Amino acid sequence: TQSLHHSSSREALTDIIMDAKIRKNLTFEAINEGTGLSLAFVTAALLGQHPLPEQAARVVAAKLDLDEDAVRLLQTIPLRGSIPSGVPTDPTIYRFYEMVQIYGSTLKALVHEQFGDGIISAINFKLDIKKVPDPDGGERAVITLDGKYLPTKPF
C-alpha cells in the first residue's frame, strides 16, 4: 500500500478538504454518509490520520467536489500524528491529553492488575464518542477507547 513520507502532501489536502467543508457548510456526519465506515475513522482520515478505502475516498470526494488526485491521496497511508507539538495548546485537545497525564499511572496499574504485563493496543483499537444528557443539567461526552490486550511474556 502506498504511504507518505512527510505530512506536507496530506496537510495540503486537509486544508483543501476543510476549505470545501466550510464553504459548503457541511458536517463530518454529512460527509460520511454512504461510506459504510465509522464517523471517527473517516473524520480522522479527512484530517490526515488514516487512509480511506476507494469507495470511502470517492464518496467524500463527491461531497467535497475533490478531483481524482485527492481520491488517490486519500487512499495513501499518511505519516500519522495530530499533535506535532507533542503536548497541545488548544484547550479542547488539551483536556484529553490531561486525562492521560492524570490517570496515566492509574491506567497502567489497573491494566497490569486486570490483564497482566503488556499494553492495551493503540492499533488493534477503535474509538467512539457519544453525547449523553447530564442528570444535573447539560450534556456529557462518553468517549470509549477499545484496545486489544497484548501481553508481555518472558522469552
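Each residue number is its position in the shown sequence, starting from 1.
Comparing 140-148 with 10-18, the stretch with the higher mean C-alpha B-factor in the PDB entry is 10-18.
Stretch comparison (46-54 versus 94-102) by mean CA B-factor in the PDB entry places 46-54 on top. Annotation for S121, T27, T89, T35: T35 ranks highest, by Cα B-factor.
Annotation for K108: C-alpha temperature factor in the lowest third relative to the rest of the modelled chain, per the entry. In the deposited entry, the Cα temperature factor of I77 sits in the middle third of values across the chain's modelled residues. Annotation for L66: C-alpha temperature factor in the highest third relative to the rest of the modelled chain, per the entry. Per the deposited record, the Cα B-factor of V59 falls in the highest third when ranked against the other modelled residues of its chain.
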